[PDB]
């Protein structure tokens, strides 16, 4: 777990995608997914609906966020669709006057540690959630509200680690949650904000390595209420401070030589730990699942027709789909299938009769050659 | 299509109790889930309690054990028994229903005030 050696010195509505893991066949078991992403703050209520009522047993992934600090979650459950059943996803968020309902329509390597602290004045201590990733696969989690109060495994290949690993990781993620709790009280005072408001502090930490496994880039950055706070620059020698409050943190961390400590850890322990994980999970992390591609042609009228280019079951999540006009293409965000693979599609409305003139360009590292269909 | 008639509410002191009711007008088997959301001081509304035609219910965490929801399917009417009311329970409570095709309907709301 990352070190975090020193203490300190907005609203986005969720994007909702409801879909099945595999193509829906009546009477065949499947998985109903609701992927919410690109929202801030983190608190969100997501429900899966079937024939006008809530599906009682629904699981969800651990809270994480993208590079732009926006959160994403996957709500999922097993189901068997029939001809009569109608399914939808209901999402409640501070950005919505009422819950929104969406109906169901039938290489290099990196390690990251993400953390989110959400204050809840009057309702006790802030909620701290931390997750760890290798490429696009999560392997550890910690929830300060959980009964275990331990770093928990979230990937099969991390269960190999002995008790000394889990003792060390739990104590370090616990110390981080206390540091970020004190940081929340510091940011409250520096910005002269009321004590009755809820605030969010996010942190990101990790390293990049190339194909040879040697160090490439290192990262350590903070976000407060969805806005950049402080960030370690690319040279791992100085900081980027967003506002005057963060400039106080920058000068404090400069005198303590925090950048020198983070640079040594990023180029050392982070790379050594990422190299170990890539080996133990070789059959998982060092695999390349190529996309299962297919195209659909269904007209929306007699004037126009819609062509959708599908890509299914690929890993990692990086992919590129193109038909070149970028203003006439609908491009959904890459979504997880729930089994470790990812999905994406590209659509374009097209004058009827000119279907055989359009082609889809598929780019993925799991393909020896980029496909054209 | 579907009309939701709300009634109840009022003005009460802390520790007091209040009732709510909401009836659905239209087709007999037109509505599945019925319940209440309440307006936060901000923009969003939070779930208070709802119940399906089969009796499955869910409560918001802040009202569990204090509020109790019931339903009469023969009249398409739900009832909300609120006890141990607190000032933070003061809000406009919107009744809502869900069609079997997952279409939502909303009442105009009913005011509840606790000192």
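Points to keep in mind about this one:
- Alpha-carbon gyration tensor eigenvalues x 5, square-rooted, for segment A:1-152, Å: 31, 19, 15
- Neighbour counting of Cβ atoms within 10 Å sorts the residues A:293, B:33, fewest neighbours leading, into A:293, B:33.
- Residue-averaged 222 nm ellipticity for the protein assembly as shown, from DSSP H runs of 4+ at -39500 (n - 2.57), nearest 500: -4000 deg cm²/dmol
- Residue with peak Gaussian network fluctuation, chain B [Cα springs, cutoff 10 Å], from B:78, B:12, B:92: B:12
- Over chain B, the Kirkwood radius and the radius of gyration, each from Cα atoms, give a ratio Rg/Rh of 0.95.
- Using equal-weight Cα scatterers in the Debye expression, the normalised intensity of segment A:107-287 in log10 at q = 0.14, 0.19 Å⁻¹ is -0.84, -1.35.
- Take every Cα pair under 8 Å whose residues are at least 6 apart in sequence, average their separation, divide by the length of segment B:2-114, and the relative contact order is 35 percent.
- Projected over every direction and averaged, the convex hull enclosing the alpha-carbon atoms of chain A yields 21.6 nm².
- Sequence of B:84, A:148 once ranked by neighbouring C-beta atoms within 10 Å, starting from the fewest: A:148, B:84
- Which of A:372, B:40, A:329, B:110 has the fewest Cβ neighbours within 10 Å, and the rest in rising order: A:372, B:40, A:329, B:110
- Based on the Kirkwood approach, the hydrodynamic radius assigned to segment A:181-312 is 18.8 Å, with every pair of different Cα atoms included.
Note that we place each Cβ from the backbone using ideal geometry, even for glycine, and neighbour counts take in every protein chain shown. Every number in this text was worked out from the coordinates using simple rules, so none of it is lab data.
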